[PDB]
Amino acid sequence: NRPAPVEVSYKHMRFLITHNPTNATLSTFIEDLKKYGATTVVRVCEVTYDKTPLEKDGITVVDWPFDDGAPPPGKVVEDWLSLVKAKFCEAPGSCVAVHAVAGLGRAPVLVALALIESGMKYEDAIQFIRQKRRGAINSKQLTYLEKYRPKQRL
């Protein structure tokens, strides 16, 4: 069921929401990462595939797991925002990859409150994500996300 990588540009920030690959489909998974210019993957699901080929090719993989269709715990959101600004500081231009299971869930969520932290209005965050990827966030995580508010960390 696993959908194609979707880029979200706003800010001059660029996120790629992806599916979790297999080790078989891994070659092509790396290859759309280098097409989109992602040098950093943030995995937030279970560990399924080996990370050492990817940083062999110069992509850092960051494991910040939180559970199926839960909102990000506070540690996770803060780490997320800070990694994002550090990486978009280090080179302007590049992509940060995020993926959970199928890119229709937690990873869009982290993209979303990244966008809100950038001071896009809230439902213009959901707006923007659901145009490109329909029906992405569930229940608890958009309930989560309006009771979220930015002190504009980006």
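For every residue, the number given is its place in the sequence shown, counted from 1.
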{"item": "Stretch exceeding the other in mean C-alpha B-factor - 11 to 19, 135 to 143", "value": "135 to 143"}
{"item": "Most elevated Cα B-factor in the entry, residues 104, 33, 62, 26", "value": "104"}
{"item": "Among modelled residues of the same chain, the CA temperature factor third for residue 66", "value": "highest"}
{"item": "Cα B factor band for residue 88 (lowest, middle or highest third within the chain)", "value": "lowest"}
{"item": "Cα B factor band for residue 48 (lowest, middle or highest third within the chain)", "value": "middle"}
{"item": "Third of chain Cα B-factors occupied by residue 126", "value": "middle"}
{"item": "Residue 39 CA temperature factor, ranked by third within the chain", "value": "middle"}
